[PDB]
């Protein structure tokens, strides 16, 4: 999910919008 | 943050920034 994508790997900040 | 890992309170800070609405 987003947490693994952003914390273990790298995510763009644009990927957090879906979780607002 | 550019091309950096975001975990814990750093991830939280990024989420507030993206999700804030005026």
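What shape does the protein assembly as shown take by its C-alpha gyration tensor, where a ≥ b ≥ c are the square roots of the eigenvalues and a/c under 1.5 counts as rounded, a/b above b/c as prolate, and the rest as oblate?
It comes out prolate by the Cα gyration axes.
With the crude spin-label approximation of a point 7 Å out along Cα→Cβ, what separation in nm comes out for residue A:17 versus residue B:18?
Label-label distance for residue A:17 and residue B:18, simple model: 1.0 nm.
Rule-based calculations on the coordinates, nothing more; no lab input. Note that we place each Cβ from the backbone using ideal geometry, even for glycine, and neighbour counts take in every protein chain shown.
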